[PDB]
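> The structure that follows is given in the form of structure tokens.
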Amino acid sequence: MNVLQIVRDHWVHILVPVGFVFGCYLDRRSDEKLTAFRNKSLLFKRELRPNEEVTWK
Amino acid sequence: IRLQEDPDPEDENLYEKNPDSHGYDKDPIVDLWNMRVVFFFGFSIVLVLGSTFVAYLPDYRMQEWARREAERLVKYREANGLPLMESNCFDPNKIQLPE
Amino acid sequence: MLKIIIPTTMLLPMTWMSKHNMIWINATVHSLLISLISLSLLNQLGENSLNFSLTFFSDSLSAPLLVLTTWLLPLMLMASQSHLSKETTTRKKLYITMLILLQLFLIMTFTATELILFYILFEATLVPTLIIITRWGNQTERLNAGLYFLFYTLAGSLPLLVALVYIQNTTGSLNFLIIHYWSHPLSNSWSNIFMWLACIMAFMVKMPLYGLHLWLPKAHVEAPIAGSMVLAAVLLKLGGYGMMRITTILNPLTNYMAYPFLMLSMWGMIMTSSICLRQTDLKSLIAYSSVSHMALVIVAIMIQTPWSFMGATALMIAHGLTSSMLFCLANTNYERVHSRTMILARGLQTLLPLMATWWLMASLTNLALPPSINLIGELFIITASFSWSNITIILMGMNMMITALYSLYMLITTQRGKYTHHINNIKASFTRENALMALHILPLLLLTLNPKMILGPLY
Amino acid sequence: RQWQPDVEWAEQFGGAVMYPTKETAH
Amino acid sequence: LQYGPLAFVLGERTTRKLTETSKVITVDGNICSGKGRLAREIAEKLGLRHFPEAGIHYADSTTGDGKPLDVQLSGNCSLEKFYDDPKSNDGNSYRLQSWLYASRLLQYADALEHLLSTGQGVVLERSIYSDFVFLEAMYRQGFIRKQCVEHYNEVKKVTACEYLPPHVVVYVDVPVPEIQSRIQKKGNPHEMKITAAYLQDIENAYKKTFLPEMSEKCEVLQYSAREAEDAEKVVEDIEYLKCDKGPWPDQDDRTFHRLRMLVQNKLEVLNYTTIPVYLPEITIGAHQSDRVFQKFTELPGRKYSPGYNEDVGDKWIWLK
Amino acid sequence: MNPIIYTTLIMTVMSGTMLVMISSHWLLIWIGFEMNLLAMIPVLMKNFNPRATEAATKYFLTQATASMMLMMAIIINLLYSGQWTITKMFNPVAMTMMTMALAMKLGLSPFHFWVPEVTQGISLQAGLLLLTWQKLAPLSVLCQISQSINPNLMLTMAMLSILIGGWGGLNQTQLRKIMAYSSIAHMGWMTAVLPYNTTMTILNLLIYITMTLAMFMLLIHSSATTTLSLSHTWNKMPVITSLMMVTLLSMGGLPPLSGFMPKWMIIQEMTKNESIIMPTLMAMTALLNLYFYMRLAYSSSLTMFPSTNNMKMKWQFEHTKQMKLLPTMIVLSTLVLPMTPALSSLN
Amino acid sequence: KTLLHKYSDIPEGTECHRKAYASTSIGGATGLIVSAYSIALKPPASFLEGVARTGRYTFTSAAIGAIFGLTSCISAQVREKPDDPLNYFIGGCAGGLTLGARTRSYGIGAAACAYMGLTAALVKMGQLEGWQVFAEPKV
Amino acid sequence: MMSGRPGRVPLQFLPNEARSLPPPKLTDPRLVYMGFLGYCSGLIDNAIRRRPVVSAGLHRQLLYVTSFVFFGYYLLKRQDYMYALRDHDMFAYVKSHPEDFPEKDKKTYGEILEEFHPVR
Amino acid sequence: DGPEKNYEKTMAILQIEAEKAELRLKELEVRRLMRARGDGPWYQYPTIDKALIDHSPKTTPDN
Amino acid sequence: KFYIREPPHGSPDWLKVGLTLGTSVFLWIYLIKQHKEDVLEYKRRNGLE
Ligand SMILES: CCCCCCCCCCCCCCCCCC(=O)OC[C@H](COP(=O)(O)OCCN)OC(=O)CCCCCCCCCCCCCCCCC
Ligand SMILES: CCCCCCCCCCCCCCCCCC(=O)OC[C@H](COP(=O)(O)OCCN)OC(=O)CCCCCCCCCCCCCCCCC
Ligand SMILES: CCCCCCCCCCCCCCCCCC(=O)O[C@@H](COC(=O)CCCCCCCCCCCCCCC)COP(=O)(O)OC[C@H](O)CO
Ligand SMILES: Nc1nc2c(ncn2[C@@H]2O[C@H](COP(=O)(O)OP(=O)(O)OP(=O)(O)O)[C@@H](O)[C@H]2O)c(=O)[nH]1
């Protein structure tokens, strides 16, 4: 149904939504470099559970 | 005639071209569609769920966790008879005040 | 963090590459969508600010302003698609480009973790607004108006630049957390006052206090509708955000040096509100009202009291939403009458009955009528100020008394009274203007139920 | 329509100097 | 390629191509005097490039398809309108003259560009040096305000100074009673109402000003109507000069390379025509000028640079 | 002038400046300055108008005098030290001697009086060369001998450069005179930081290079020399006026535009050197440049000045120029602030 | 800066005649410099009015220099407060007022009062604290 | 300032010993911004020449991104070199000058007398 | 997510900022220190190489 | 068609454009291999691999 044209005039609508899902990616990538004191602060440091290896992602 | 210019255009009335005009733009079909966007993506998805989202937001500022700790802490303190909350905060016994 | 920024900047290619007539639609869609995502950021923890990385972080103060700016973004698009319809598609796209580029900077500065990073886009907001005021402004004196607005802020901002880099060379980093934890008692040495003056005057200028405020009436009146809202609803408030952030290393020097500003602000609000009582221009009257409310925050922030900060953040937002609405009121009336004089179009309520209502809660909200967020702001500030000194309530309450007279003065002169005979072009209000007006008032009363969201980190 | 510059604004920016005097008059 | 500096360095000169058939001969005279007829005959009998009189749409002829664009889109002036009310308040008179001066000034460049790039002489009607005879005529009866003269001159020195004068000028001498004779036979109702004074005032300014002061830098030969029709007589007269006076028999490849630089750049040749001195007849306000520019831009072909308009059929835009 | 002759003349001018930057011997430094001068005059003479002759004569007299005065600084240093090596020289009078000798070539102090007038007389392309390339050679010597400079003497020369250079700019109609006054103002900014740290003296140079290439070649593309003539360019090509206002704002130094990067780093350095009053005053005078910057921006694109009916021909035709390196010039001259830490490459 | 050193050597609010002599010498030299420049850039068509021009400029600058000399020193003497920046402020405004008298205009005198008085405070601010304008290369 | 350090061979854009540093990763955020600059030149390049901006000469702006990326990449390695160099001889100096860098005494906030100013 | 993420992540932020803060303060001190003394790697202002010295016997013994 | 003369860029300058792809793919393939050779050499020099 006209798809050759609804795509051309409404392909802009996907830009921002992928931008958001992209924005989460760098958000969930930059934190990895910020690991450092992962389960290290004595306020929150505790015994590591049998299966999971990382307390906070 | 000073300069070869144009007379000031007259403000067209969107209503007299189409009586149902919503004032969003000239062309009727997009104007009706702009209505749907401004309301559906205005009042509907932002005001309704956004209010519920912020209203049902999880514990903010620990407003209730502190209460529960205070109840337990105050219940501990007057049970032993010592004052229910000390005038001092950082225990002076450790403090090594100069002279 | 990023989940707001890339969606904002990736919005820019959309408007440029969208269809010829769909620009307003798709921009409005995702601007509201961005608002929803920003509202997801509104959550805050107990005491530690929501920290994201070295480059960005948010606290209980930044978050309410962030959601306000994103919330604003649809409103200019809604408010502007009437006087820009007869314009070439490129200029319309350029106009939209200016707004979101402006709005993008606002997210950046409010979330900035480093004072210099906060500083770089602190003036960078000026460039898009300068274009908006100058190019699309609809007046003659807008040219001198843009010059006044531009030079005033720069004249105050540049001392901050020299001051800020001095902090870097003396106290290492200028990360907001590292300043707060390593704060040291600023001495009374005669250099430290000029230290104090430079770190403060920059935020003074774009928070119009009596004397340093003549740009605002020239800024607001000649600016177009979208320029007026963004300038009055967020731009006057970067100065506010700076003071809550930068006063960490200005104590106890703030205790003694606060006096000239406090007297200037407290007396200024009586003077400025008096100007409102006899303003011939509706837009100017609203503009001067912003000075009075903003000058109240000057006393609020500069007292440096837990309660004072809280009421500041309450007036921080409530005034911005209200001032944007009143500018919408003036704009929605202006093009119908094609003039700015208040007495030009009297008795509008008999002609437009719904706008009579919209003007009515708008005036009531600016009245600080309880329990509107404005009342929570002013009433909290009065108590904090009264604890600081008993006399100030004489000045404080007098402002509310003056604020009553001029607020309903526009109501009676415009809405009530006899309709003007000669005018005959007043058409029934487009439901766009009506929809936009509710877009402003409805969240305001919605905020009344949850002040704690906008009370701030002091809460 | 929005105000736009005219010959009054143009001649304000036209000449040897926009800040003139008797010395610069000639 | 063009005459870009690489071309001149690699060996592209100008003196090699030009020969004795390299002249800027102008056939000129009074209104409707048959100068255009004689100009064609000289062109045919000498193998010499002809240039018809530059009208309002001569610039339109050069660009695009050559179809005359709308007067609103090109000219804001009509000669027929100037005929109806020569002293109209809208400034149709001076706007006509100034646009006409630009059109012939462009025509002068087109003649020089073809001449220098081919070595073939050029014949054109009413060279820009003779354009003043109309403005002088339009000034005597007040068809234009006095200030139009200075602006027209101000453009003239800042432009016509660089363009050097012709080689030999052909003049069709025609008396006013004769001019009052043919224009009835023309038939177009706009040119019937031309005043005998206007036909007079062009004549003396043609006679006592155009011919003598300009004669010291090129040959001048005067022909009445009979010697105008005698194509055989005039053509051998044109061949029978040495053409010593004038700058043309002095320059070398250095100037011609520079001359072809200015002429080839079609923006530069009329760059000084849009002089920023403001007068009511020629100045157009921002709103009117902007709207027309949008109307000009939305036209096909002119939306982008030449060879870059997809609407007309410019394929491979993504690769050009 | 024959293009081959023109190319050679530029080639020697470039080499003469190149000779200065690559010579360890004081005599050769002078050789580069004079032979650069020896070929600068004919370029200004390309148009050959009486205004140009006045401009070229003014330029030669001041440059020849400064270069000749430069010799004594070499000779006096020779006399007291017997060293032709370009290093920290050994005489306060000789150090003082050359500092104004080089300053006249740059035109910072009242010495700057030749800078505006010569630019006015000569063509736009020649002005671009004079105000951009001809400033590398005098700066090269100052960078090498920065360790020997009297701080008070050089800071003053920098101060009046931005001070007067910005102050008179408010009263200029001709764009050429505006650019020169901007150049004198920008001259002070680099020269002020020169005694403290030479790294960002260079950083200011390439950045200040970028706008002046950007502005002048934009102006050449506009083919306009006056404010009113520039104003009419909105009708012909509105886009170019748009980029020019970006550069005008950028060259003014408003963040986040590129022109803010030099000034920001300059303020940072002298703040590290305990000089904190000095940076503040220059920043205050920086708005002086911004004013006539805004005035040009107001006339160019922010507003819409009246046009002339004769502009209609310009619509029909097109530009034949190639404006080489213009695309990358303005982009590199307006948004490079995020790439600031790249200045360590200069070090 | 031996001529400038004269002013610094004399303690504030002490030996007012010496401070006045030191101050007026600074003004006289400064007036001479600007007057010589004004003669240069602006041609004094006739020589005698050229001496009139430099006479006016020197007489003015000396007056501001002199008046600031007393008012600063006597105020410190009277109020027994040498460190007080206000001592220069009143002197600075006093000097500015003298400029208005020489030009015979209240507006220029008022403007000079505020600006010069503010700067006069600031320079004293720097002398007390230790502000350096032409700082030597430290880093 | 590194203007005369021992070993600086002149006119050497990237000295050999700089290769001992982690090279910039091919999608370093600084690098992509350098690629942005190349693209941003491309769009305006068609603008001055009055071409269909975005869809105009795909070859032209494609080269711009390539050129800016490489010239960016080598710049980043050189930029990383000096900062590594600036920090390297920094550390070598402080060990060589222990007397000029005393180890400040370890006192907790308990013993520090920091006077308190009320806000009243 | 849990407050542990924000708590630990902000601790890393403070750790990075503290090291950066103290390094800049050290950098200004070192730059001042080695500029004055001069016995440092950088700030070594150029001198004349001893290689360019003619040690061959001259025409005059007194050399 | 519209313009009566073939404007200078009206035709695809095949020799010039084909050069532009040629240099860019050269510019890239140099970069990836340069990044590659820099990586393991750094790894080998600094220990690692
Ligand atoms: C930092 C703050 C901001 C600083 C810069 C501000 C600049 C503007 C400020 C105001 C300037 C003065 C007022 C406006 C002047 C307008 C000048 C002008 O020429 O306007 C009219 C003109 C008409 O357009 P035209 O040239 O025909 O081109 C149309 C597109 N082909 O319009 C034009 O020529 C404009 C053409 C614009 C073309 C835009 C193309 C965008 C392409 C986007 C591609 C996105 C790709 C995304 C990919 C995502 C996945 C990776
Ligand atoms: C603590 C130690 C010092 C104690 C003593 C106080 C300082 C010294 C005395 C005061 C010096 C500053 C006050 C101004 C002195 C020069 C006044 C002058 O030149 O007046 C003439 C003229 C103004 O009049 P004009 O505009 O020409 O109008 C009439 C035209 N027929 O001038 C002009 O037209 C040109 C504009 C004025 C001249 C330029 C600025 C001169 C001052 C610069 C700063 C000097 C600072 C001196 C002290 C610190 C350094 C030692
Ligand atoms: C339009 C005018 C400005 C508007 C109002 C702006 C605010 C007013 C004050 C402006 C101050 C600008 C300069 C401040 C920079 C940072 C100051 C700082 O960090 O404090 C220093 C304060 O030191 C200063 O001297 C700062 C400058 C003091 C004010 C004098 C210069 C500024 C005023 C004149 C220039 C600006 C006015 C406009 C001129 C056209 C600390 O250094 P210190 O002196 O303690 O250093 C150690 C030791 O004592 C020796 O250094
Ligand atoms: N102002 C002005 N009018 C011109 C010019 N050239 C021609 N005209 C007008 O053009 C009209 C008719 O052209 P003419 O050349 O005079 O007469 P014609 O009937 O075309 O015949 P020919 O003279 O043989 O070309 C007259 O109204 C002229 O005044 C010119 O350069 N300037």
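Every chain in the structure tokens takes a letter, A first, then B, and so on in the order presented; its residues are numbered from 1, and the ligands are numbered from 1 following the presented order.
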At a cut-off of 7 Å around ligand 2, and using only C-alpha atoms and all ligand atoms, what residues come up? Please write them as a list in words.
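Taking only C-alpha atoms and all ligand atoms into account, the residues around ligand 2 at most 7 Å away are residues 4, 7, 23, 24, 26, 27, 30, 31, 34, 35, 57, 60, 61, 62, 64, 65, 66, 68, 69 and 103 of chain G.
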> Selection from above, N, CA and C atoms, as a PDB file, in the first residue's frame, can you write it?

ATOM      1  N   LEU G   4      57.960  56.738  39.822  1.00  0.00           N
ATOM      2  CA  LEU G   4      56.866  56.066  40.511  1.00  0.00           C
ATOM      3  C   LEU G   4      57.284  55.603  41.899  1.00  0.00           C
ATOM      4  N   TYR G   7      56.413  57.870  45.053  1.00  0.00           N
ATOM      5  CA  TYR G   7      55.120  57.769  45.719  1.00  0.00           C
ATOM      6  C   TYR G   7      55.087  56.597  46.692  1.00  0.00           C
ATOM      7  N   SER G  23      52.965  62.781  43.576  1.00  0.00           N
ATOM      8  CA  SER G  23      51.764  62.524  42.788  1.00  0.00           C
ATOM      9  C   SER G  23      51.670  63.464  41.593  1.00  0.00           C
ATOM     10  N   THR G  24      51.926  64.756  41.804  1.00  0.00           N
ATOM     11  CA  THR G  24      51.815  65.704  40.700  1.00  0.00           C
ATOM     12  C   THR G  24      52.893  65.471  39.650  1.00  0.00           C
ATOM     13  N   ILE G  26      53.910  62.466  38.763  1.00  0.00           N
ATOM     14  CA  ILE G  26      53.346  61.380  37.967  1.00  0.00           C
ATOM     15  C   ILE G  26      52.329  61.931  36.976  1.00  0.00           C
ATOM     16  N   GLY G  27      51.459  62.825  37.445  1.00  0.00           N
ATOM     17  CA  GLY G  27      50.476  63.419  36.556  1.00  0.00           C
ATOM     18  C   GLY G  27      51.106  64.278  35.477  1.00  0.00           C
ATOM     19  N   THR G  30      52.702  62.048  32.869  1.00  0.00           N
ATOM     20  CA  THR G  30      51.651  61.390  32.101  1.00  0.00           C
ATOM     21  C   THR G  30      50.968  62.369  31.156  1.00  0.00           C
ATOM     22  N   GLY G  31      50.702  63.588  31.626  1.00  0.00           N
ATOM     23  CA  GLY G  31      50.127  64.594  30.750  1.00  0.00           C
ATOM     24  C   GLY G  31      51.056  64.974  29.615  1.00  0.00           C
ATOM     25  N   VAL G  34      50.874  62.101  26.798  1.00  0.00           N
ATOM     26  CA  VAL G  34      49.673  62.139  25.969  1.00  0.00           C
ATOM     27  C   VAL G  34      49.639  63.412  25.130  1.00  0.00           C
ATOM     28  N   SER G  35      50.102  64.531  25.692  1.00  0.00           N
ATOM     29  CA  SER G  35      50.141  65.774  24.931  1.00  0.00           C
ATOM     30  C   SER G  35      51.086  65.666  23.743  1.00  0.00           C
ATOM     31  N   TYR G  57      46.838  70.010  28.523  1.00  0.00           N
ATOM     32  CA  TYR G  57      46.863  68.602  28.906  1.00  0.00           C
ATOM     33  C   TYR G  57      47.722  68.386  30.145  1.00  0.00           C
ATOM     34  N   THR G  60      45.983  69.935  33.282  1.00  0.00           N
ATOM     35  CA  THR G  60      44.932  69.048  33.767  1.00  0.00           C
ATOM     36  C   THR G  60      45.523  67.867  34.523  1.00  0.00           C
ATOM     37  N   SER G  61      46.343  67.061  33.842  1.00  0.00           N
ATOM     38  CA  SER G  61      46.857  65.834  34.445  1.00  0.00           C
ATOM     39  C   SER G  61      47.595  66.116  35.746  1.00  0.00           C
ATOM     40  N   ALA G  62      48.313  67.237  35.813  1.00  0.00           N
ATOM     41  CA  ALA G  62      48.942  67.624  37.069  1.00  0.00           C
ATOM     42  C   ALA G  62      47.897  67.892  38.143  1.00  0.00           C
ATOM     43  N   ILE G  64      44.788  66.637  38.508  1.00  0.00           N
ATOM     44  CA  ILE G  64      44.290  65.365  39.028  1.00  0.00           C
ATOM     45  C   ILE G  64      45.362  64.687  39.867  1.00  0.00           C
ATOM     46  N   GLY G  65      46.599  64.682  39.370  1.00  0.00           N
ATOM     47  CA  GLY G  65      47.686  64.102  40.141  1.00  0.00           C
ATOM     48  C   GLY G  65      47.881  64.798  41.471  1.00  0.00           C
ATOM     49  N   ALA G  66      47.888  66.132  41.458  1.00  0.00           N
ATOM     50  CA  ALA G  66      48.074  66.878  42.697  1.00  0.00           C
ATOM     51  C   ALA G  66      46.915  66.648  43.657  1.00  0.00           C
ATOM     52  N   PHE G  68      44.641  64.356  43.887  1.00  0.00           N
ATOM     53  CA  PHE G  68      44.657  63.007  44.439  1.00  0.00           C
ATOM     54  C   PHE G  68      45.781  62.852  45.455  1.00  0.00           C
ATOM     55  N   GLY G  69      46.856  63.626  45.296  1.00  0.00           N
ATOM     56  CA  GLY G  69      47.957  63.543  46.241  1.00  0.00           C
ATOM     57  C   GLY G  69      47.562  63.974  47.640  1.00  0.00           C
ATOM     58  N   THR G 103      37.317  70.593  32.129  1.00  0.00           N
ATOM     59  CA  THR G 103      36.485  70.514  30.938  1.00  0.00           C
ATOM     60  C   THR G 103      35.187  71.298  31.066  1.00  0.00           C
TER      61      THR G 103
END
> Name all residues at most 6 Å from range 239-256 of chain F (count only C-alpha atoms; drop same-chain ones fewer than 2 positions away) and give them as number ranges by chain.
C: 124; F: 237, 258-260, 290, 293, 297, 300-301, 334
> What residues of the protein or nucleic acid chains come within 9 Å of ligand 4 when you use only C-alpha atoms and all ligand atoms? Reply as an MDAnalysis selection string.
chainID E and resid 28:39 52:55 79:80 82:83 93:94 96:101 103:104 125:128 130:135 137:138 182:183 186 190:191 194 198:199 202
> Those residues you just picked out, can you put them in a file as a compact mmCIF listing (two decimals), in the first residue's frame with N, CA and C atoms?

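To be explicit, this is the file written out as out-v9.txt:
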# COMPACT_ATOMS: atom_id res chain seq x y z
N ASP E 28 25.08 51.72 -35.13
CA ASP E 28 24.28 52.45 -34.16
C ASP E 28 23.67 53.67 -34.83
N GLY E 29 22.67 54.24 -34.17
CA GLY E 29 21.97 55.39 -34.71
C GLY E 29 20.76 55.73 -33.87
N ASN E 30 19.84 56.49 -34.46
CA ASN E 30 18.64 56.92 -33.77
C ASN E 30 17.60 55.80 -33.76
N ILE E 31 16.44 56.10 -33.16
CA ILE E 31 15.40 55.09 -32.99
C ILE E 31 14.87 54.65 -34.34
N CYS E 32 14.79 53.33 -34.53
CA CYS E 32 14.12 52.72 -35.68
C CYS E 32 14.79 53.10 -37.00
N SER E 33 16.00 53.66 -36.92
CA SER E 33 16.76 54.15 -38.07
C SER E 33 17.28 53.03 -38.97
N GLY E 34 16.89 51.77 -38.74
CA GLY E 34 17.38 50.69 -39.57
C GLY E 34 18.80 50.27 -39.28
N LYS E 35 19.33 50.65 -38.12
CA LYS E 35 20.69 50.26 -37.76
C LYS E 35 20.82 48.75 -37.65
N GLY E 36 19.81 48.10 -37.06
CA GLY E 36 19.84 46.65 -36.96
C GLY E 36 19.87 45.96 -38.31
N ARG E 37 19.20 46.53 -39.31
CA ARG E 37 19.26 45.98 -40.65
C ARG E 37 20.67 46.08 -41.22
N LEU E 38 21.29 47.26 -41.10
CA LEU E 38 22.65 47.43 -41.60
C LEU E 38 23.64 46.57 -40.82
N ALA E 39 23.43 46.42 -39.51
CA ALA E 39 24.33 45.60 -38.71
C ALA E 39 24.36 44.16 -39.20
N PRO E 52 22.26 41.09 -31.73
CA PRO E 52 21.07 41.95 -31.79
C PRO E 52 21.00 42.85 -30.57
N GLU E 53 20.20 43.92 -30.70
CA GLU E 53 20.10 44.91 -29.64
C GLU E 53 19.65 44.26 -28.33
N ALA E 54 20.31 44.62 -27.24
CA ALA E 54 20.02 44.03 -25.95
C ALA E 54 18.74 44.62 -25.38
N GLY E 55 17.70 43.80 -25.29
CA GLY E 55 16.43 44.20 -24.72
C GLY E 55 16.39 43.96 -23.23
N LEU E 79 9.15 48.69 -21.68
CA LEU E 79 9.31 49.81 -22.60
C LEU E 79 7.96 50.34 -23.05
N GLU E 80 7.02 49.43 -23.34
CA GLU E 80 5.67 49.86 -23.70
C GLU E 80 5.02 50.64 -22.56
N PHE E 82 6.69 52.37 -20.33
CA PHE E 82 7.37 53.66 -20.35
C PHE E 82 6.80 54.57 -21.44
N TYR E 83 6.37 53.98 -22.56
CA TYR E 83 5.74 54.78 -23.61
C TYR E 83 4.45 55.41 -23.12
N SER E 93 10.74 54.46 -15.98
CA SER E 93 11.67 55.02 -16.95
C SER E 93 13.11 54.67 -16.59
N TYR E 94 13.57 55.09 -15.41
CA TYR E 94 14.96 54.83 -15.03
C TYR E 94 15.23 53.35 -14.86
N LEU E 96 13.91 51.04 -16.53
CA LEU E 96 14.11 50.57 -17.90
C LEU E 96 15.53 50.86 -18.37
N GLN E 97 15.99 52.10 -18.19
CA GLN E 97 17.30 52.48 -18.68
C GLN E 97 18.41 51.71 -17.98
N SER E 98 18.35 51.62 -16.65
CA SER E 98 19.40 50.95 -15.90
C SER E 98 19.46 49.46 -16.24
N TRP E 99 18.31 48.81 -16.34
CA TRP E 99 18.29 47.41 -16.77
C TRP E 99 18.81 47.27 -18.19
N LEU E 100 18.42 48.19 -19.08
CA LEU E 100 18.93 48.15 -20.45
C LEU E 100 20.44 48.33 -20.47
N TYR E 101 20.96 49.25 -19.65
CA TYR E 101 22.41 49.43 -19.58
C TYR E 101 23.10 48.15 -19.13
N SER E 103 21.92 45.10 -19.56
CA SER E 103 21.77 44.09 -20.61
C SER E 103 22.81 44.28 -21.72
N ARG E 104 23.00 45.52 -22.17
CA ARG E 104 24.02 45.76 -23.19
C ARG E 104 25.42 45.59 -22.62
N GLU E 125 24.57 46.32 -31.70
CA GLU E 125 23.79 47.55 -31.84
C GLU E 125 23.82 48.32 -30.53
N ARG E 126 24.17 49.61 -30.61
CA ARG E 126 24.09 50.54 -29.49
C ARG E 126 24.95 50.07 -28.31
N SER E 127 26.26 50.11 -28.55
CA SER E 127 27.24 49.79 -27.51
C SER E 127 27.00 50.62 -26.26
N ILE E 128 27.50 50.15 -25.12
CA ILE E 128 27.18 50.77 -23.84
C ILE E 128 27.68 52.21 -23.78
N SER E 130 27.29 54.36 -26.07
CA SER E 130 26.24 55.17 -26.67
C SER E 130 24.93 55.10 -25.91
N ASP E 131 24.86 54.32 -24.83
CA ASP E 131 23.61 54.17 -24.09
C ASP E 131 23.19 55.47 -23.42
N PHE E 132 24.13 56.40 -23.21
CA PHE E 132 23.81 57.63 -22.49
C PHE E 132 22.87 58.52 -23.29
N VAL E 133 22.78 58.32 -24.60
CA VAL E 133 21.96 59.20 -25.43
C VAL E 133 20.49 59.09 -25.04
N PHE E 134 20.06 57.90 -24.61
CA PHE E 134 18.69 57.75 -24.15
C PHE E 134 18.48 58.41 -22.80
N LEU E 135 19.37 58.13 -21.84
CA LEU E 135 19.22 58.71 -20.51
C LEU E 135 19.29 60.23 -20.57
N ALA E 137 18.33 61.86 -23.19
CA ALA E 137 17.01 62.17 -23.75
C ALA E 137 15.92 62.03 -22.70
N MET E 138 15.96 60.96 -21.90
CA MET E 138 14.97 60.80 -20.85
C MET E 138 15.15 61.81 -19.72
N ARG E 182 8.88 56.80 -40.39
CA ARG E 182 8.75 55.34 -40.39
C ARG E 182 7.88 54.86 -39.23
N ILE E 183 7.98 55.51 -38.07
CA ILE E 183 7.39 54.94 -36.86
C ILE E 183 5.88 54.79 -36.97
N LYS E 186 5.60 51.36 -38.50
CA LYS E 186 5.89 50.27 -37.58
C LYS E 186 4.61 49.63 -37.06
N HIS E 190 2.36 51.62 -29.02
CA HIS E 190 3.19 52.21 -27.97
C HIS E 190 4.24 53.15 -28.55
N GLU E 191 4.78 52.84 -29.72
CA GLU E 191 5.84 53.65 -30.30
C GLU E 191 5.33 54.76 -31.22
N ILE E 194 5.81 58.38 -29.36
CA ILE E 194 7.13 58.90 -29.05
C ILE E 194 7.19 60.36 -29.47
N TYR E 198 11.80 63.90 -28.00
CA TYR E 198 12.67 62.79 -27.63
C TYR E 198 13.53 62.35 -28.81
N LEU E 199 12.93 62.25 -30.00
CA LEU E 199 13.72 61.96 -31.19
C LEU E 199 14.72 63.07 -31.48
N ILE E 202 17.64 62.83 -28.43
CA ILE E 202 18.64 61.79 -28.66
C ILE E 202 19.60 62.23 -29.76
> Do a neighbour search on range 16-18 of chain E at 8 Å with only C-alpha atoms, toss out local chain neighbours closer than 4 positions, and write the hits as a PyMOL selection string.
chain E and resi 22+115-120
> Write the residues of the preceding selection, restricted to C-alpha atoms, as a short mmCIF file (atom, residue, chain, number, x, y, z; two decimals), in the first residue's frame.

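The result, stored in out.cif:
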data_model
loop_
_atom_site.label_atom_id
_atom_site.label_comp_id
_atom_site.auth_asym_id
_atom_site.auth_seq_id
_atom_site.Cartn_x
_atom_site.Cartn_y
_atom_site.Cartn_z
CA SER E 22 38.90 41.01 -34.95
CA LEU E 115 35.93 37.53 -29.94
CA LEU E 116 38.88 36.70 -27.68
CA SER E 117 38.06 32.98 -27.67
CA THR E 118 37.61 32.79 -31.46
CA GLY E 119 39.38 35.75 -33.07
CA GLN E 120 36.22 36.67 -35.00
#
> Taking a cut-off of 7 Å and counting only C-alpha atoms and all ligand atoms, can you build a table that, for each residue of chain G near ligand 3, reports the nearest atom pair and how far apart they are in Å (one decimal), sorted by chain then residue number, as a tab-separated table?

residue	atom	partner	partner_atom_place_in_ligand_line	distance
G:122	CA	ligand 3	30 (C)	6.1
G:126	CA	ligand 3	25 (O)	6.3
G:129	CA	ligand 3	49 (O)	5.1
G:130	CA	ligand 3	50 (C)	4.9
G:131	CA	ligand 3	50 (C)	4.5
G:132	CA	ligand 3	51 (O)	6.3
